[PDB]
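What follows is one structure encoded as structure tokens, with my remarks underneath.
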Amino acid sequence: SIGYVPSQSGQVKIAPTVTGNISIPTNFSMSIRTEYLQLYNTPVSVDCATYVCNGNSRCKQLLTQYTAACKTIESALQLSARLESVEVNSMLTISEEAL
Amino acid sequence: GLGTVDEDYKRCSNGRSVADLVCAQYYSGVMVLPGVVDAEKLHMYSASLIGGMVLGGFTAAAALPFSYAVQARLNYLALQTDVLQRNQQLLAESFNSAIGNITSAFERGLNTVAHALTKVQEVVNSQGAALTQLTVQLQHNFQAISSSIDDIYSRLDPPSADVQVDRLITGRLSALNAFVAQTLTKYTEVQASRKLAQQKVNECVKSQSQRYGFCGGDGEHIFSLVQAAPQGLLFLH
Amino acid sequence: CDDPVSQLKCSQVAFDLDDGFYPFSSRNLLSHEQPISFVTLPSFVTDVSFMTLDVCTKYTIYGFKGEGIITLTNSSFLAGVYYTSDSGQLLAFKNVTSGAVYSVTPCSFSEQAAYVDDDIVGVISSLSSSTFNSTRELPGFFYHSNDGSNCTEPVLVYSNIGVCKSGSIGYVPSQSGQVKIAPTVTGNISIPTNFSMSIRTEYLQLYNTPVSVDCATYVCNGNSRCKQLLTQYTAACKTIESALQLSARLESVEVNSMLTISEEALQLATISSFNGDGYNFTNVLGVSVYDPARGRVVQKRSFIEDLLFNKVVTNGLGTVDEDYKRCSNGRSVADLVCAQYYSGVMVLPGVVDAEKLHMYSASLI
Amino acid sequence: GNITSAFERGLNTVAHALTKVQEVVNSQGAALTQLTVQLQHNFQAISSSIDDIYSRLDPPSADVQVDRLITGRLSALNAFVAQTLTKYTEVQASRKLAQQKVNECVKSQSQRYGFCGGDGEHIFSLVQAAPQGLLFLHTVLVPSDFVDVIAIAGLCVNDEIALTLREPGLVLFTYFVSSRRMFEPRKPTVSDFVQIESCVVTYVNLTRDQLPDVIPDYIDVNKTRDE
Amino acid sequence: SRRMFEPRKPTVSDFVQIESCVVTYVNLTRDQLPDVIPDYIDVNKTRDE
Ligand SMILES: *[C@@H]1O[C@H](CO)[C@@H](O[C@@H]2O[C@H](CO)[C@@H](O[C@@H]3O[C@H](CO)[C@@H](O)[C@H](O)[C@@H]3O)[C@H](O)[C@H]2NC(C)=O)[C@H](O)[C@H]1NC(C)=O
Ligand SMILES: *[C@@H]1O[C@H](CO)[C@@H](O[C@@H]2O[C@H](CO)[C@@H](O[C@@H]3O[C@H](CO)[C@@H](O)[C@H](O)[C@@H]3O)[C@H](O)[C@H]2NC(C)=O)[C@H](O)[C@H]1NC(C)=O
Ligand SMILES: *[C@@H]1O[C@H](CO)[C@@H](O[C@@H]2O[C@H](CO)[C@@H](O[C@@H]3O[C@H](CO)[C@@H](O)[C@H](O)[C@@H]3O)[C@H](O)[C@H]2NC(C)=O)[C@H](O)[C@H]1NC(C)=O
Ligand SMILES: *[C@@H]1O[C@H](CO[C@@H]2O[C@@H](C)[C@@H](O)[C@@H](O)[C@@H]2O)[C@@H](O[C@@H]2O[C@H](CO)[C@@H](O)[C@H](O)[C@H]2NC(C)=O)[C@H](O)[C@H]1NC(C)=O
Ligand SMILES: *[C@@H]1O[C@H](CO[C@@H]2O[C@@H](C)[C@@H](O)[C@@H](O)[C@@H]2O)[C@@H](O[C@@H]2O[C@H](CO)[C@@H](O)[C@H](O)[C@H]2NC(C)=O)[C@H](O)[C@H]1NC(C)=O
Ligand SMILES: *[C@@H]1O[C@H](CO)[C@@H](O[C@@H]2O[C@H](CO)[C@@H](O)[C@H](O)[C@H]2NC(C)=O)[C@H](O)[C@H]1NC(C)=O
Ligand SMILES: *[C@@H]1O[C@H](CO)[C@@H](O[C@@H]2O[C@H](CO)[C@@H](O)[C@H](O)[C@H]2NC(C)=O)[C@H](O)[C@H]1NC(C)=O
Ligand SMILES: *[C@@H]1O[C@H](CO)[C@@H](O[C@@H]2O[C@H](CO)[C@@H](O)[C@H](O)[C@H]2NC(C)=O)[C@H](O)[C@H]1NC(C)=O
Ligand SMILES: *[C@@H]1O[C@H](CO)[C@@H](O)[C@H](O)[C@H]1NC(C)=O
Ligand SMILES: *[C@@H]1O[C@H](CO)[C@@H](O)[C@H](O)[C@H]1NC(C)=O
Ligand SMILES: *[C@@H]1O[C@H](CO)[C@@H](O)[C@H](O)[C@H]1NC(C)=O
Ligand SMILES: *[C@@H]1O[C@H](CO)[C@@H](O)[C@H](O)[C@H]1NC(C)=O
Ligand SMILES: *[C@@H]1O[C@H](CO)[C@@H](O)[C@H](O)[C@H]1NC(C)=O
Ligand SMILES: *[C@@H]1O[C@H](CO)[C@@H](O)[C@H](O)[C@H]1NC(C)=O
Ligand SMILES: *[C@@H]1O[C@H](CO)[C@@H](O)[C@H](O)[C@H]1NC(C)=O
């Protein structure tokens, strides 16, 4: 079946007042809402020379004429990986007392 | 099943066994290094947070019943003027029912278990897809006579061959640039998520949040407790 | 190009390399003298196949040409004669006369040289032996270095590992963070005290340098005939220029509205006016004197700002942003900026100079 | 002074900030040079010069040949634009955080734990200029030691009046009242306490005569009438 | 509290002086005040007895 997704009714939040009729929420119940947040990516290092030239000595000479493209690939990949590594290694602080 | 399956290249240069996919792509210069933190350290971090919301002091002698921590967090948002026992078991009963219901769900919409499962599945699938796309580009002969550089040099004269191999050097180097561009996009998405995750734990897990709706949608947030997950965290607000 | 360190630098065409992990090629046979290997199906009958095992050889295997090492392997595949991966890459072939299968591997394997302190302190590799002291058998790879000790001060962190400046490798230990006291109603509690204040630093980028690219002159190089063919591509050039311009304008308006400066706060931002009684703000504040340069009073950057600008900026100062007024002269040989301007690339000045940026910083302080 | 010397480890330290600054000043030049070197390549055409192609070849075949350059250079130009858009998107999120950082940490003191300079109680923060951005120095208070005390849930006087603290972030320990964030002991005052309908077992049991010892500011209305 | 129903008897420390009354305020006298606020101490009454 197909259907328009109905507009789910939200949880009413009382606007603060000064006087008059008001409603105070009461008899609460705790519901758990889950949220997945990604922390890191698996680092990948690509050897540009052997990927393109397939280890051919004569093809590497032609690749040298492309200057810094075959270098910027590797530089960008490893730099991104290093930033991820330092960020999540500093982020994860562990206390043995809490463990 | 487990993160320890992450393959090793020690046996990859051995050459006494037919190469599997990992070795077949390592022969093309692609090396997939291990993730920054394994599931054990990630689970330790999750357990550290869960155990720290009940650490009432410097030493372990200040361990608290979890009801006391919940009671303090309730007083944080509204001073409990009638603290009856029944008033506390109602919340405990609701939490026990709700936590089991997530457990059954693991075995619909945003901020629910089903949405989290789809995100986790995409996370574990995305990295493999990009690498396979990179490795499959080698078979394409980018308007050359063949996809093998040595084959081209055997068939043609060095002057003409240099033109043909330059077609696939351009083709492969362009395919390599596409892989990097979509990897940087992934790294920027994760950086935004990791900054939020550190923001989330500091304001929802290690303390109670006064920002309405920040920790898991609408309602008054009492506490949040974290669990490990493939390449990230799972917050239960 | 003699030293492997020099080999790495020349591959990166740079005299100085920043610390990091650099891809590297396994040292192959210095004396090549590669034997020729040839394997093909029998014809007519007659078999002319011949091959050399365990030696880097120039091979032709059933039409697959390359260079690699042929090694007898213990598999017993029953179908076919030669085997490839899903990507059509030759992995193994079969000695059809006896049925044994030989795997084909590259003669050289990719490696990662750990370059810190202007030296190759270690090599991440798949091979167990190299030209170092010792090899540590990490779970995924071998690590060769001249220091097998434990790494406790990782100068360069990468994936799950960290390497010190002495070449030692180790795991990054789980740092013990600052403890936070969970609130409670009763029982023993601990109130923190003896507070000491520590500064943590964070750098946040605000803008990029706008770049305007005249796609017509970049692509057609001013050739009028080529512009006619470029017009057949419709809006490709149009959208390139539009994207660049819109990005620059959004960033420009955002950071001009962001950087609000108050005059009175500036008056209190000088070393003479500020009084951090007990708090040494000399390194944080910048001096300001009447400048003979057009009379306008100039406020020099603070000591930390000078340290952060001079030692990092490759041109020394932000005022080195070149001007294109002298580019159209043509009476001198073009430098890098003029050469790229002749190709239709114009690097306009950043939205705010260091002076207004430093003025904003002093205003907040 | 240590920050100043360090400019002459890990995240949220001077070393990480310096590495980020160097990448910022290097990234822009790298992209432009990679763009301008694409003109050197001839994308499977006779030459990288359009005029040379037109001079060497006939008009019909020359148009095909220059289509290699037009497509090749235009694709190389699209890659540069895509790379700048990524940096513009990254910087846009960076300056939005910086605008939140200055508004909530520099121009005011932030309640959000860990927002201004990692863990610790953020007291203030100051800003310095940096290449194409701001260097934030967040000063956070770190406690050297901890005072171990016994937190009291509240008072129950004459087994009739339950009397508890009003401020959630305040503790009544052994009697003193102090902030739960820093050890600033203080004598309890009747304004710090509020009456509660129902007492509990965890409250300290007290009598009306013993209460003024706990709260010296308490006024015993009726005892002061029978005098 | 406006976030939870936690009824509580008013305390003298919960209230604070205001320069001018307004029409929306509840109209009271010093005899009714201790009933509304049990914690209130009538200085004149407690001194005149
Ligand atoms: C809330 O506000 C309303 C108006 O703003 C106050 O008026 C009360 O409104 C209810 C709802 O109509 C009245 O109840 C019913 O009134 C109708 C009128 O004909 C009649 O069928 C019954 O008398 C029934 O009770 C209520 O009488 C009315 N009260 C007054 C004093 O006007 C209301 O007092 C406020 N508070 C509450 C708790 O509702
Ligand atoms: C594929 O497998 C076949 C069969 O194993 C290989 O042929 C074998 O080659 C060896 C040496 O070339 C033969 O050894 C023989 O030894 C005797 C006694 O010393 C000598 O008189 C012969 O002249 C020969 O050297 C062996 O008999 C032969 N096996 C056969 C023919 O069944 C072959 O080398 C393998 N590789 C290919 C075809 O590339
Ligand atoms: C934190 O709570 C624990 C219990 O939850 C308290 O530990 C108890 O402290 C008392 C008095 O210090 C101990 O009584 C006596 O201890 C001394 C040695 O210190 C010795 O003469 C006897 O063993 C006697 O029992 C009691 O044993 C101890 N209970 C334990 C450790 O399980 C502690 O006092 C609280 N913290 C503070 C600062 O009071
Ligand atoms: C503080 O008083 C409470 C109130 O209990 C009553 O008063 C006591 C003085 C005693 O006479 C109790 O029997 C009275 O019921 C005390 O709470 C009692 O604690 C004991 C401990 O074993 C328990 O058996 C009773 O059931 C409790 N009474 C209740 C819950 O109504 C409490 O122990 C006194 N002391 C402290 C430090 O709180
Ligand atoms: C509460 O008092 C205000 C203040 O008015 C004075 O006090 C009254 C008790 C009465 O004695 C008035 O005559 C006094 O002037 C009352 O406000 C009055 O409201 C009426 C109704 O509209 C109006 O006609 C008067 O002018 C107002 N007097 C003012 C503004 O001084 C109010 O009605 C009293 N009751 C309530 C429920 O607010
Ligand atoms: C392994 O190689 C290292 C690197 O040289 C050696 O360690 C030092 O080497 C220098 C000269 O190469 C000597 O002067 C030092 O005495 C060496 N030891 C130090 C600095 O502690 C080492 O000798 C080599 N052999 C091993 C480790 O067995
Ligand atoms: C270097 O680090 C490794 C990884 O922890 C150490 O390996 C183990 O360390 C523990 C430390 O408690 C020892 O109990 C184990 O016996 C060690 N096992 C092995 C196989 O070494 C290692 O000891 C550290 N030191 C050195 C010199 O390698
Ligand atoms: C505050 O910082 C200033 C930095 O300018 C300190 O002054 C310098 O201190 C060094 C000590 O290593 C001397 O060598 C310099 O000659 C001083 N003057 C300069 C650099 O201009 C000062 O000591 C610090 N403390 C204060 C002012 O109390
Ligand atoms: C919760 O409180 C409301 C209003 O006070 C009441 O109507 C309801 O029955 C209560 N829920 C229970 C007792 O489960
Ligand atoms: C799951 O939730 C429903 C309604 O929210 C509840 O009735 C049910 O008891 C829960 N499941 C369990 C096992 O408690
Ligand atoms: C031969 O092959 C088997 C797998 O079939 C392998 O386990 C063994 O190590 C190999 N080498 C031998 C038996 O020397
Ligand atoms: C740290 O706090 C403790 C409180 O237990 C105190 O005894 C000590 O003197 C303090 N350290 C100082 C003031 O250097
Ligand atoms: C070149 O040198 C001559 C010296 O006589 C001088 O007059 C002229 O201005 C110079 N031109 C440039 C472009 O430097
Ligand atoms: C406390 O004051 C009330 C109010 O007047 C009075 O009824 C009571 O007797 C007093 N308490 C004692 C112990 O006299
Ligand atoms: C209450 O007492 C004060 C001071 O004793 C006096 O100024 C005031 O007039 C008195 N009020 C009444 C209504 O008696």
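Ordered as shown in the structure tokens, chains take letters A, B, and onward, while each chain numbers its residues from 1 and ligands are numbered from 1 in the order shown.
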Next on the checklist: Need to verify the contact set: residue 30 (chain E), 10 Å, only C-alpha atoms, exclusion of same-chain residues closer than 3 positions in sequence. Can you return it as a PyMOL selection string?
Outcome noted: chain E and resi 33-35+40+42+45
Next on the checklist: What does the list of residues within 12 Å of ligand 1 look like if you count only C-alpha atoms and all ligand atoms, written as a ChimeraX atom specification?
Outcome noted: /A:19-23
Could you please take those selected residues and save N, CA, C and O atoms as a short mmCIF file (atom, residue, chain, number, x, y, z; two decimals), in the first residue's frame?
```cif
data_model
loop_
_atom_site.label_atom_id
_atom_site.label_comp_id
_atom_site.auth_asym_id
_atom_site.auth_seq_id
_atom_site.Cartn_x
_atom_site.Cartn_y
_atom_site.Cartn_z
N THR A 19 -0.71 34.79 34.21
CA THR A 19 -1.93 34.54 34.97
C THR A 19 -2.91 33.78 34.08
O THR A 19 -2.74 33.69 32.87
N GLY A 20 -3.95 33.24 34.71
CA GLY A 20 -5.02 32.58 33.99
C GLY A 20 -4.86 31.07 34.00
O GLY A 20 -4.03 30.50 34.72
N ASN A 21 -5.70 30.41 33.20
CA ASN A 21 -5.61 28.97 33.04
C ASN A 21 -4.19 28.58 32.63
O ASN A 21 -3.63 29.15 31.69
N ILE A 22 -3.63 27.59 33.33
CA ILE A 22 -2.37 26.98 32.93
C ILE A 22 -2.46 25.48 33.18
O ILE A 22 -3.32 25.01 33.93
N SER A 23 -1.57 24.74 32.55
CA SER A 23 -1.47 23.30 32.74
C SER A 23 -0.04 22.94 33.10
O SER A 23 0.90 23.38 32.44
#
```
Checklist entry - Do you know which residues are within 12 Å of ligand 3 using only C-alpha atoms and all ligand atoms? Can you write them as a ChimeraX atom specification? => result /B:56-65 /C:186-191 /D:146-151,173-174
For region 59-73 of chain C, list every protein, DNA or RNA residue within 10 Å, evaluated using only C-alpha atoms, and leave out those in the same chain fewer than 5 positions away; present the list as a PDB file with C-alpha atoms, in the first residue's frame.
```pdb
ATOM      1  CA  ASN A  54      51.368  -1.357 -11.983  1.00  0.00           C
ATOM      2  CA  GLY A  55      55.016  -1.479 -10.946  1.00  0.00           C
ATOM      3  CA  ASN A  56      56.228  -0.795 -14.488  1.00  0.00           C
TER       4      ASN A  56
ATOM      5  CA  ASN B  14      54.030 -14.826   1.308  1.00  0.00           C
ATOM      6  CA  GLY B  15      52.983 -15.870  -2.190  1.00  0.00           C
ATOM      7  CA  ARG B  16      52.401 -19.529  -1.271  1.00  0.00           C
ATOM      8  CA  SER B  17      48.600 -19.173  -1.382  1.00  0.00           C
ATOM      9  CA  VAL B  18      46.237 -17.840  -4.025  1.00  0.00           C
ATOM     10  CA  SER B 148      47.723  -3.801 -19.202  1.00  0.00           C
ATOM     11  CA  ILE B 149      50.701  -1.463 -19.444  1.00  0.00           C
ATOM     12  CA  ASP B 150      53.170  -4.278 -20.155  1.00  0.00           C
ATOM     13  CA  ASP B 151      50.882  -5.579 -22.907  1.00  0.00           C
ATOM     14  CA  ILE B 152      50.857  -2.148 -24.569  1.00  0.00           C
ATOM     15  CA  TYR B 153      54.651  -1.879 -24.470  1.00  0.00           C
ATOM     16  CA  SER B 154      54.964  -5.310 -26.084  1.00  0.00           C
TER      17      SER B 154
ATOM     18  CA  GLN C  34      65.211 -10.558 -15.138  1.00  0.00           C
ATOM     19  CA  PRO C  35      64.656 -14.068 -16.540  1.00  0.00           C
ATOM     20  CA  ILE C  36      61.931 -14.510 -19.144  1.00  0.00           C
ATOM     21  CA  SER C  37      59.040 -16.867 -18.370  1.00  0.00           C
ATOM     22  CA  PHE C  38      56.575 -18.107 -20.981  1.00  0.00           C
ATOM     23  CA  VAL C  39      53.604 -20.428 -20.419  1.00  0.00           C
ATOM     24  CA  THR C  40      50.890 -21.314 -22.926  1.00  0.00           C
ATOM     25  CA  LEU C  41      48.553 -24.149 -23.813  1.00  0.00           C
ATOM     26  CA  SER C  49      56.320 -23.477 -21.911  1.00  0.00           C
ATOM     27  CA  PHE C  50      59.154 -22.516 -19.569  1.00  0.00           C
ATOM     28  CA  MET C  51      59.260 -20.515 -16.349  1.00  0.00           C
ATOM     29  CA  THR C  52      61.568 -19.541 -13.492  1.00  0.00           C
ATOM     30  CA  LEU C  53      60.229 -19.796  -9.948  1.00  0.00           C
ATOM     31  CA  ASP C  54      60.681 -17.470  -6.964  1.00  0.00           C
ATOM     32  CA  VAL C  81      43.725 -23.530 -16.393  1.00  0.00           C
ATOM     33  CA  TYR C  82      44.456 -19.987 -15.201  1.00  0.00           C
ATOM     34  CA  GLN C  89      43.759  -9.649 -12.726  1.00  0.00           C
ATOM     35  CA  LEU C  90      45.836 -12.810 -13.076  1.00  0.00           C
ATOM     36  CA  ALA C  92      47.274 -18.061 -10.497  1.00  0.00           C
ATOM     37  CA  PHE C  93      47.672 -20.494 -13.374  1.00  0.00           C
ATOM     38  CA  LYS C  94      47.883 -24.276 -13.650  1.00  0.00           C
ATOM     39  CA  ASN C  95      50.750 -26.438 -14.863  1.00  0.00           C
ATOM     40  CA  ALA C 100      49.950 -27.981  -9.894  1.00  0.00           C
ATOM     41  CA  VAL C 101      48.987 -24.322  -9.535  1.00  0.00           C
ATOM     42  CA  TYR C 102      51.451 -21.434  -9.292  1.00  0.00           C
ATOM     43  CA  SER C 103      50.486 -18.066  -7.846  1.00  0.00           C
ATOM     44  CA  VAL C 104      51.686 -14.805  -9.381  1.00  0.00           C
ATOM     45  CA  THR C 105      52.619 -11.954  -7.047  1.00  0.00           C
ATOM     46  CA  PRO C 106      54.127  -8.502  -7.616  1.00  0.00           C
ATOM     47  CA  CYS C 107      57.887  -8.293  -7.288  1.00  0.00           C
ATOM     48  CA  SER C 108      57.616  -5.185  -5.099  1.00  0.00           C
TER      49      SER C 108
END
```
Item to check | Close residues to ligand 14 using only C-alpha atoms and all ligand atoms, limit 8 Å, as JSON, numbers by chain | outcome: {"D": [221, 222, 223, 226]}
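Going from CA of residue 19 (chain D) over to CA of residue 193 (chain B), you cover 22.0 Å.
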